[PDB]
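Colleague: Protein chains in written order, with the working numbering: chain A, 390 to 795; chain B, 38 to 443; chain C, 536 to 635; chain D, 228 to 534; chain E, 272 to 868.
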Amino acid sequence: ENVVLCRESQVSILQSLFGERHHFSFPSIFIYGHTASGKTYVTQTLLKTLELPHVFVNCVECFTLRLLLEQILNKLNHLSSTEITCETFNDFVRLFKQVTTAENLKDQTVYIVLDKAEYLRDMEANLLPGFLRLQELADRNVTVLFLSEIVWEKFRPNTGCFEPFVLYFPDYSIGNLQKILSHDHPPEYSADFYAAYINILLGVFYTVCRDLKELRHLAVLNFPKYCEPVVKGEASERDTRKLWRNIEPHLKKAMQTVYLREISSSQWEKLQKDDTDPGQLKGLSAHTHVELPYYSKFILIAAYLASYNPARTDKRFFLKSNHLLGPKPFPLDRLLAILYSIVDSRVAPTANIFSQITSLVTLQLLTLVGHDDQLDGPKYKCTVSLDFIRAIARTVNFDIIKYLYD
Amino acid sequence: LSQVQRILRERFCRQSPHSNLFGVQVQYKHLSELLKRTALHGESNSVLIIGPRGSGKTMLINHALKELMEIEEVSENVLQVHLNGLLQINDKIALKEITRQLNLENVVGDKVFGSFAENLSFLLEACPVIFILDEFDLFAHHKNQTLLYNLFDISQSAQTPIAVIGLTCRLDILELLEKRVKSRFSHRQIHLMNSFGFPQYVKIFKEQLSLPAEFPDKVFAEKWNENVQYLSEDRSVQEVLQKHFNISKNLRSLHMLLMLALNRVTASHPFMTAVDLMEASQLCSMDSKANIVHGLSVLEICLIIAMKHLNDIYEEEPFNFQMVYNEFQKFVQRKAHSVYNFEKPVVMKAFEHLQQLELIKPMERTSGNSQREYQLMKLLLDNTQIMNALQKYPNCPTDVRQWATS
Amino acid sequence: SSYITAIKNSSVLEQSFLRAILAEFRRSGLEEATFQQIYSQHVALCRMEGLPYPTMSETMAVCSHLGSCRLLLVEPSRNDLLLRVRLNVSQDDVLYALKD
Amino acid sequence: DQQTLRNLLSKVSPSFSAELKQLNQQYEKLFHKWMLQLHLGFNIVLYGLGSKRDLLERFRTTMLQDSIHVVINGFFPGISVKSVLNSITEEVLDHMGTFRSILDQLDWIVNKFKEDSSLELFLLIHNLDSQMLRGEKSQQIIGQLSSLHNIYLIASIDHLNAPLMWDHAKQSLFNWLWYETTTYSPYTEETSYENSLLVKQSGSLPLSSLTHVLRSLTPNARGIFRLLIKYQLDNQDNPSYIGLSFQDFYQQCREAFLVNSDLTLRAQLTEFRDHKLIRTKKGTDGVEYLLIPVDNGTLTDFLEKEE
Amino acid sequence: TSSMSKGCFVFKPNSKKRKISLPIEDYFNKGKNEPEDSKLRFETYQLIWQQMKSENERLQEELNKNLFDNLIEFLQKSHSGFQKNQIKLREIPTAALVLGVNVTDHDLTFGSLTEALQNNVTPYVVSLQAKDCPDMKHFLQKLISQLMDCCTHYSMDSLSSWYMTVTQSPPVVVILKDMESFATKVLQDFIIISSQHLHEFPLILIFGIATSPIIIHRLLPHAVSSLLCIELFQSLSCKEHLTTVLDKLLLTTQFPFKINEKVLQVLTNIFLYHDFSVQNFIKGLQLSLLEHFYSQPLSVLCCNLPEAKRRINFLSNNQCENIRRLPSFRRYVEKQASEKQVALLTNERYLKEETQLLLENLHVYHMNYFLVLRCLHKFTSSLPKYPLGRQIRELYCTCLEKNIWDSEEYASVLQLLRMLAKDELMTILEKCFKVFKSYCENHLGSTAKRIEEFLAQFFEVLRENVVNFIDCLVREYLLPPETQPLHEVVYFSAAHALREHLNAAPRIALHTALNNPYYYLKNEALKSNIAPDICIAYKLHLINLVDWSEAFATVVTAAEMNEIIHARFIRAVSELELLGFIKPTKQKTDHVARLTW
Ligand SMILES: Nc1ncnc2c1ncn2[C@@H]1O[C@H](COP(=O)(O)OP(=O)(O)OP(=O)(O)O)[C@@H](O)[C@H]1O
Ligand SMILES: Nc1ncnc2c1ncn2[C@@H]1O[C@H](COP(=O)(O)OP(=O)(O)OP(=O)(O)O)[C@@H](O)[C@H]1O
Ligand SMILES: [Mg+2]
Ligand SMILES: [Mg+2]
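1. Can you tell me the Cβ-Cβ gap for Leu517 of chain D and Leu492 of chain D, rounded? I've got them flagged as a contact below 8 Å.
2. Determine the chain G residues that contact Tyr557 of chain A at a beta-carbon separation under 7 Å, and present them in chain order.
3. Work out the CA separation of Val41 of chain B and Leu436 of chain A for me, nearest whole Å.
4. Nearest by alpha-carbon distance to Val63 of chain B: which of B:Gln226, B:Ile341, B:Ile167 is it?
5. What's the gap between the Cα of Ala784 of chain E and the Cα of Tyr729 of chain A?
6. Around the C-beta of residue 455 of chain B, are 16 or more other C-beta atoms found within 10 angstroms, so that it is buried, or is it exposed?
7. One question on the structure: do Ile86 of chain B and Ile98 of chain B come within less than 9 Å of each other, judged by their Cβ atoms?
8. Taking only beta-carbon positions, decide if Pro405 of chain E is within less than 9 Å of chain B.
9. Take the Cβ of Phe365 of chain B as the centre, count every other Cβ of all protein chains shown within 10 Å, and call the residue buried at 16 or more, exposed below.
10. I want to check one thing, is the minimum distance from the CB of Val61 of chain B to the heavy atoms of ligand 2 below 8 Å?
11. In its own chain, which residues sit with a C-beta less than 6 Å from the C-beta of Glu735 of chain E, not counting the 5 before and 5 after it?
12. Using a C-beta cutoff of 9 Å, does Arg442 of chain D count as contacting chain C?
13. Could you check whether the Cβ of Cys206 of chain B sits closer than 8 Å to any heavy atom belonging to ligand 2?
14. Do three or more CB pairs link the region 537–552 of chain E to the region 364–376 of chain E at distances below 8 Å?
15. For the beta strand (DSSP E) that contains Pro364 of chain E, what are its first and last residues?
16. Between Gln266 of chain B and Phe257 of chain B, what straight-line distance do the alpha-carbon atoms span, to the nearest angstrom?
17. Looking only at C-alpha atoms, which of A:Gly766, A:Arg545, A:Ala737, A:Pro638 sits nearest to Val593 of chain A?
18. Let's see if you can read the secondary structure: which residues bound the alpha helix (DSSP H) around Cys703 of chain E?
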C-alpha cells in the first residue's frame with residue numbers, strides 16, 4: 390500500500406530530526422532534489438505513518454498571500470476539530486497562536502509542509518523570512534518543510550534570514566529504478582518475466598530519461614505488445630531473446646512518438662489493440678500547413694526575406710554570420726518595398742493590407758519588437774521556420790531559396 | 038536518554054536562554070545601565086544595536102529586560118511593546134499593535150483620531166513604556182518614516198518616559214534615516230561584533246555541549262561532562278571545529294552542527310564520538326550544484342559539454358539552441374557512429390529540462406516575444422564544476438569524457 | 536569607524552574574499568565585477584594560503600554574508616555566478632583594516 | 228519665432244476661397260446618408276487632407292440636436308479612455324461613484340445599455356488616431372463600446388498609417404464605412420505647436436511631450452528619473468519638507484545598480500538640465516532640492532503608462 | 272463649446288422636455304420625388320434583409336453538424352474515466368479545434384457548438400477569451416462568474432465546493448476561444464492547478480486554434496503538455512462555406528434582389544485576396560441592398576411576383592414615367608412594332624399590363640437560367656481538366672460577364688467533353704436527371720423527358736447527340752441579364768462606390784491630393800506654382816529645414832518686408848508631421864525622407 394524503497398537512509402534522518410512530540414525540532418527543513426526523487430511521496434507517507442498533526446499546502450494553488458494563509462489556518466482548524474479570515478501576516482500569527490492552543494495541539498510539533506516552494510520567492514518579501522522564523526515569532530513548537538527542485542542559494546534574500554538545514558534527496562540509479570518499477574508486478578504473469586521487461590525498457594530509455602513517472606507510464610503502455618508473442622504462442626515465458634527481438638524495434642518508435650507526446654496514449658493503445666502499425670498517424674506535429682489569403686502569403690514571405698537577409702544585399706536581389714543567430718528586426722518600409730517588388734501585379738496601399746500586416750502579429754505568425762509608437766510601428770520580426778515559408782512560396786510559385794542566399 | 042535530549046534540543050533548536058554570556062559584558066553593562074536609567078528615573082532614551090546575524094542581539098535584550106523586570110517596584114509599573122518589521126509592514130498595523138499590547142483596545146473605542154501623533158498622545162496618557170523595535174531597517178523603508186519620527190519626537194519632547202531600542206544588522210543604518218529623524222535620534226550605538234578567537238570558540242563548544250547542574254540524574258551528568266571534556270580535547274573534533282570556524286564565527290551554525298551530532302545519539306549509542314561530528318560536518322559541507330548535476334541524464338551532460346566548448350571558443354558570448362545543437366552534431370558524427378544519434382525534439386526536450394532546473398538562464402526576459410529556438414541564454418556552471426562533476430559521474434561513457442577533456 | 540573594526544573582527548575566508556576583490560579590481564581597473572572572476576582569484580588565494588579548496592556554495596554563503604551587512608552591496612541571489620559585486624567601503628580602508 | 232507669435236499672425240486669407248467654398252455644402256449633402264447608416268448599424272470614419280473638425284461640428288449643429296450626444300477631443304493632450312469612461316458614467320448616466328478598474332466600469336456601462344433601450348448616445352471623436360488613443364487597450368475599450376446597438380460613433384483619422392491600428396478582430400467590432408472628405412482647411416486646432424522648432428515653450432511639459440522626450444533615452448536613465456518621480460510623488464503630499472539632496476540621491480542610486488560613479492550622476496543630472504527636465508535648486512540654504520517642475524498628476528499618469 | 276482645456280463635452284436636451292425623435296423613415300426620404308414610394312421601399316428592404324439573415328444563420332447551423340457529432344462522441348468517451356474514478360494521475364481531456372485563419376466568423380462557429388453541448392453532453396459550458404483574463408485572479412473570477420451564471424478571493428477549492436453543492440455528475444466544459452492571444456503564465460498555472468483536483472472537478476478543455484497545432488508546443492512547455500490527453504479536430508473550410516452561401520442566397524430564385532458581375536468581382540476579390548471572411552461578404556450584400564433600395568425609386572417593383580404585379584397596378588404618374596424613361600424599356604419600344612410604339616408611350620394603362628408581362632418573362636428567364644446553370648456545372652465538374660472553373664461561382668461569374676460560346680473557351684470544353692466513356696456519360700446524365708428532380712415546377716419538362724430518353728438508351732453517334740443536346744441547351748437558355756428588358760429593377764451595378772466604401776486606400780488620396788490639387792480645385796491650379804501651401808512644401812522636400820525655408824520663401828515670392836512667409840512655413844511644416852512625413856533627427860536641423868515615394 391505505502392512502501393518506500395531505496396530511501397531508508399533519508400527516512401531515517403527525517404524520523405531522527407522529528408524525534409519525540411514534546412521535543413523541539415528545527416524551525417525549518419529545506420528538502421531539495423532532482424525531479425521524480427520521491428519528495429512528496431516519502432514525506433507524505435512518513436507524516437501519515439507516524440500520526441503527526443500536519444498540513445500539506447501547495448504554493449502553486451496559492452498565488453495570493455491571503456489564499457496561502459487562509460488555507461494553512463483553515464486546515465489547522467479542521468485538524469484541531471467555522472470560517473476564519475486573515476488578510477495580513479500579523480493576523481496569521483495572532484490567529485495561529487489562537488488555533489494552536491487547543492488541547493490536542495498544545496504539546497505536539499505542528500508541521501506545515503509547503504510543496505513547490507520556489508513560487509514563494511515571487512510573492513511578498515516578508516513572507517519567506519516570516520515563515521523561516523515562525524518558531525521564533527509564534528513560539529508554538531512549529532516546524533516548516535520547504536520542498537523544491539531549486540538549490541537553496543537562489544532563495545536567499547538580500548537582507549539575510551534564519552538559515553535552514555539543507556537536505557538532499559539523491560537520484561535513483563539504475564538498480565533502484567529497476568527494483569521500484571518491477572515491484573508492482575501484474576498478477577497474471579510471472580514476476581521474473583516482468584523483471585526482464587523492465588530490464589529491456591530501462592536498457593533502451595536510460596539515456597534520454599531518468600524520470601520515474603515517465604518510465605512507469607511507458608512501461609504501462611508497451612506491456613501488451615510485449616506479451617503478444619506468448620499470447621499467440623510462438624514463444625514462451627523463458628524465451629527471453631525472442632521477446633526482446635520483437636519489442637526492440639518497437640521501443641524506438643515509442644521513443645520518437647509517445648515520449649515526445651506527438652501521438653496520445655489512447656491512440657497508441659488503439660494501435661496496439663487493433664494491430665494497426667504505428668507510423669501511419671501524423672500526430673500533433675507534421676501538420677505545418679495553414680491555408681492563407683494571397684496577399685497575407687506574400688506579406689509573410691516578404692517579411693521572412695526582410696528579417697533573415699542583410700540590408701546591404703537588398704539592392705542586388707530585389708532592385709535588380711548565418712541563419713543560426715536568428716531573425717534580425719526590420720523596418721516596415723522594407724516590408725512594403727519587398728512586397729511591392731516580389732508581387733507581379735500592381736498592389737495598392739489599401740486599408741485591408743495594413744490590417745493584414747497587423748493581423749499576422751495577433752495570430753502569432755509575426756511579432757513586433759519595441760512596442761512603441763504603434764501607429765508608426767516600423768519594427769517587426771518573422772517567427773516561422775524555413776519549411777513553412779518554403780511551402781507557402783511553393784504554393785504561390787515563388788523561389789525563396791534563390792533570394793535567401795547565394 | 039530522553040531528558041538530555043529534551044534540554045539540549047531546547048538549547049539548540051529553539052533559541053532559549055542559557056546562563057552565560059560570551060564576551061559581551063561591557064555592551065550589556067551599557068545596555069542595562071540605560072534600561073535601569075529609563076525605568077527607575079524619568080529619562081527617555083534611544084539605542085541602536087548593530088550586529089551580524091545570529092550574534093545574539095535578542096539574547097542581550099531578553100536577558101537585560103529580564104533582569105530589569107526582576108528589580109522590585111519596576112515590574113508593576115513597566116509596560117513593554119514588542120514590534121517587529123516582518124509582521125508590521127505599514128504604520129496603521131503598527132498603530133493597531135501599539136493599542137493592543139498596551140491593553141487599551143477597550144479604552145480607544147471607535148474614535149478616529151485626526152493625526153498619528155494625536156493617537157499616540159491619547160494612548161500614552163492612560164508609568165514608563167519600553168518600545169523594542171526589532172528589524173529597524175525594515176521600519177526605515179516606510180513611506181516617509183512616520184512612526185520612527187513620532188517615536189523619536191515623543192521620546193525627546195514628551196514627559197512620558199520612553200526607551201526606543203532598535204536592532205539592525207546593517208552598518209549603513211545611520212545613512213538610511215532621513216535628516217530630521219537623525220537629528221531627533223540620540224546617537225547611542227552598541228556594537229555586538231563577534232570578537233573571539235579559536236580557543237574561545239572551543240570553550241564555547243564545551244560550555245554549550247554540557248548539561249546543567251539542576252539535572253536530576255547526577256551520576257550520569259558528571260560522566261557526560263567528562264565525556265564532552267575529552268571530546269573537546271580530541272584532535273579531529275578540533276579539525277572540524279577549525280573548518281567551521283574558517284567560514285564563520287557565528288554561534289547559530291555551531292548550534293546546528295551540535296544538533297546534528299546530538300541527534301545521532303540514541304539509546305544503544307549513549308555518548309558522543311568524534312565520528313558524529315565528522316559525519317555531521319560532512320552533511321553540512323555539501324556542494325549543491327554538484328548534487329544537481331549528478332542527477333542529470335547522459336544526454337543533458339552531452340549538452341553541457343557542448344555549452345562548455347561554446348563558452349570556451351566564443352568567450353563571454355551568449356548562445357541559443359542552434360549553436361549547441363550544431364556542436365552536438367559535430368559530436369555525434371565525430372566520435373561515434375549510430376550511437377547518441379538523436380532527433381531534434383528529444384534534444385530540445387532535454388535542453389528545456391536544463392532550463393527548468395535553472396542551470397541556464399534567459400539573458401533577456403520578455404513576454405512571449407521570442408520563439409523557443411534563437412533565444413539567447415547563459416550557462417550558470419563554471420568550468421571547474423563541470424570537470425569535478427564529470428570526474429565522479431557514475432559510469433560516464435569514455436566517449437563523452439574524452440570529448441570533455443578535448 | 537564601524538566598517539574597519541567590522542572587517543578586522545571577521546573570519547578568515549571573508550578576509551580572503553575581500554583580498555580577492557582587491558586583487559581582481561587591480562587586474563580589471565573597474566569598480567564592478569562579475570562574481571566569476573572573484574571566485575577564480577579566490578581559488579588561487581586559497582591555494583596560496585594553504586586553505587582547502589572552497590566549493591561554490593561556501594563562497595556564495597560568504598558573499599551573501601558580506602552583502603547582508605554593508606561591507607559589500609551585491610545583486611539579489613536569484614541570479615547566480617552572474618552577480619555584480621562592488622565595494623561599499625574605500626580600498627585604502629580595506630588595506631588598512633587587513634594589514635593588521 | 229514663438230508659438231504665441233504664431234497665434235498673433237493670423238492675417239493671411241486663403242487664395243482659392245470661392246473654389247473651396249463649394250467643398251463644404253457638397254459634403255453637407257451626405258449628412259442624411261451618414262445618419263441613416265448610423266441607425267442601421269454602421270459606423271463612419273472620415274479620411275482626408277484638411278481639418279474635418281468644422282464638418283463634424285456642423286454635423287452636430289444640423290442633425291444631432293435632440294439627443295444625448297458626447298463630443299471627444301483626441302487632439303487634446305490631456306485625454307485618456309479612462310476620461311471618456313468617466314464622461315459616459317457620471318453625467319450621461321446618474322452614477323456617482325468610483326470604479327476599481329477601467330474594465331469593471333466598461334462592463335457596468337455595457338450592462339447598463341443591455342437592460343434598457345430607451346437610452347441612445349451619439350459619441351463623436353474628432354481624432355481617433357492621436358497619441359493618447361493609440362493604445363490597443365484604448366481601441367479595445369472603444370470597440371467594446373461601439374458594437375452595441377444603442378450607441379453610435381463618427382470618427383475621423385488624419386495619419387497616413389491609421390489602418391495599422393485595426394486588425395480583423397478589431398474591425399469586426401467597428402462597422403466602418405470609409406468616406407473621403409478631402410477638404411482643405413488648415414489644422415489650426417490640432418497643431419499645438421509644442422515641441423516644434425518654435426523656440427518658445429509654455430509652462431510644464433504635457434504628458435505627450437514628457438513621454439516623447441523620455442522614450443529616446445537610455446533605460447538606466449529612465450530608471451534614474453523614475454526614482455525621483457516616485458520620491459517627489461511621496462514627498463509632495465504636503466508642501467512642507469519638500470526637496471531631495473544630491474548626496475542622498477547618490478546613496479539611493481548606488482543602492483540600486485544604476486550608476487557606477489558620482490561623475491556619471493553629475494553628467495546624468497546635466498543631461499536632464501539639457502531637456503529642461505530637472506530644476507536644480509542646489510545651494511538653497513534649507514535643502515538642495517533637485518526637484519522636477521512637471522505637475523504631479525501628469526507624473527503619476529506617466530509612470531502608470533510607461534510600461 | 273468644443274474648444275476648452277478639457278476633453279469631454281456632454282450635451283443633453285435638459286430643461287426642454289420634448290424627447291420625441293424622428294422615426295427612421297424620415298431619414299430615408301431626403302428628397303421631394305415621391306415620399307410614399309420612399310416609405311414603402313424601406314419596408315421592402317427590411318423584409319428582404321431579414322430573410323437573407325435568417326437563411327444564412329440556418330445554413331451555418333446545418334453545415335457544421337458533422338464536426339459536432341464527432342466532438343460530442345469524444346466528450347462522451349472521455350468522461351467514462353471519471354465515471355470509473357482516487358485521481359490515479361488522470362489527464363485533462365482536451366480537443367484542439369483547428370479553426371481557420373479568419374477571426375470574424377468564429378463567434379458564430381462556437382455559439383452553435385455551445386448549444387449542441389447544452390443539448391447533449393453537459394448543462395455546464397462556459398467560454399473564456401484572452402482579452403479579459405490578464406492574470407490568474409481575473410481568470411478564476413470570470414470562471415466562477417460564468418459557472419454560477421450557467422446554473423471574493425475565489426480559489427479552486429471554492430469551485431469544487433460549488434460543484435459538490437450543485438451536483439450531489441456532468442462534466443464542466445471550458446472553451447478557450449482564442450488560443451493564440453493568451454498569456455503563457457495563466458495557461459500553465461491553470462493546467463497545473465486544475466490537474467491536481469480534477470477528481471472532484473471534472474474538466475474538459477477545447478482549444479480554439481486559428482493556425483497550425485504547433486502553437487500548442489510554443490505556448491506550453493513539455494512539462495505541462497504531458498498533462499493533457501489531446502485529440503485533433505478540423506473544422507469547415509472557408510471556400511466551401513462561401514460557395515454554399517452563394518448557392519443559397521444569390522443563385523436561388525427565392526430572393527428577388529440580384530447583383531451584377533462587377534459587384535460580384537469586387538466582393539470575390541476582397542475575399543480571395545485579403546481575408547477569407549464570409550461575414551464581410553454578407554456586409555457587402557447588405558450594403559449593396561441598401562444602396563439599390565435607396566437610389567432607385569422604381570425598385571419598389573423588386574418583390575415576389577404576386578406582390579410585384581399588385582404594386583404595378585397602383586402607381587403614381589411619376590413612377591409610370593420613370594418606367595417609361597428606363598433605357599431597357601427605351602430600347603424595347605425601338606425593336607417593337609410601330610403601332611405598339613405609340614401604344615406604349617401614350618397610354619399608361621397599356622404600360623401597366625406590359626410591365627407585368629415583362630417582369631413575368633424576366634422571372635421565368637431567371638428560373639431557366641439557374642436550372643441550366645446547375646446542369647452545365649454537372650458537365651463542368653465531371654470533366655477532368657476544369658476549363659471554365661472548378662466551382663459553381665467561377666462558372667457563374669464567367670457566364671455572367673459574357674457569352675461562353677461567343678468566347679473561344681467553350682470550344683475546348685466541348686472537344687474535351689466529346690471524347691468520353693459510356694459509364695461516365697451514364698453517371699453524368701444520372702446527376703443531371705437528379706438535378707431536374709431537385710427543382711420542381713420546371714418550365715423545361717420537355718428537356719426532362721428528353722434526358723429520360725437518353726438515359727433510357729443506356730455509341731459515338733448518340734454520344735455526339737447528347738453533347739449536341741447540352742450544346743443547344745446552353746446556347747438556348749444562358750444569356751447575360753443586360754439583354755433582358757426591365758432588368759435594372761432587380762439588378763445593382765455600382766462597382767466603384769462599393770469598392771470605395773468597403774476597401775479604401777487613404778494613402779492614395781493624400782498622395783493624389785498633394786501632388787495634384789487641381790482635381791478637387793478646378794480653378795486652373797495645375798497642368799503639368801499657384802497652390803495651397805501644403806502642396807508647395809510637399810513638392811519641394813521630395814533635407815535641412817533652413818534651406819527648405821529659403822526655397823519656400825523664394826517660390827512663394829515668385830508667386831507674388833514679409834515675415835508671413837516664414838510663418839506659413841512654420842505652419843506647413845508643423846501640419847506635415849501630423850500626416851506622417853517629417854521626423855526630427857540630429858544630423859542636421861532635420862534630415863528625413865521616410866515617405867520614400
Ligand atoms: N520509492 C518509491 N516507490 C514507489 N513509488 C515512488 C517511489 N518514489 C517515488 N515514487 C512515485 O513518485 C511520485 C512522487 O514523486 P515526487 O512528486 O516526490 O517527485 P518530485 O521530484 O517531487 O517531482 P517534481 O519535479 O514535480 O517536484 C509518486 O506518484 C510515487 O508513486
Ligand atoms: N555572545 C553570546 N553569548 C551568549 N549566547 C550567544 C552569543 N552569541 C550567540 N549566542 C547564541 O546564539 C544564538 C543567537 O541568536 P539570537 O536569537 O540570540 O539573536 P540573533 O539571531 O543575533 O538576532 P537576529 O535574529 O535579529 O539576528 C542564541 O541561541 C544565543 O544563545
Ligand atoms: Mg513532487
Ligand atoms: Mg533578532
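Every residue, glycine too, gets a C-beta built ideally from N, C-alpha and C.
Modeller: With the given structure in hand:
1. Wrong, their Cβ atoms sit about 10 Å apart, outside the cutoff.
2. Protein chains A, B, C, D and E are contained in the structure displayed, whereas chain G is not.
3. 25 Å
4. Out of B:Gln226, B:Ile341, B:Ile167, B:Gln226 has the C-alpha closest to the C-alpha of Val63 of chain B.
5. 22 Å
6. Outside the modelled stretch of chain B, which goes from 38 to 443, sits residue 455 of chain B, for which no answer is possible.
7. yes
8. no
9. buried
10. yes
11. none
12. False, the Cβ-Cβ gap to chain C never drops below 9 Å.
13. yes
14. A contact exists between the region 537–552 of chain E and the region 364–376 of chain E.
15. Its beta strand (DSSP E) spans residues 363–369.
16. 14 Å
17. A:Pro638
18. 693–709
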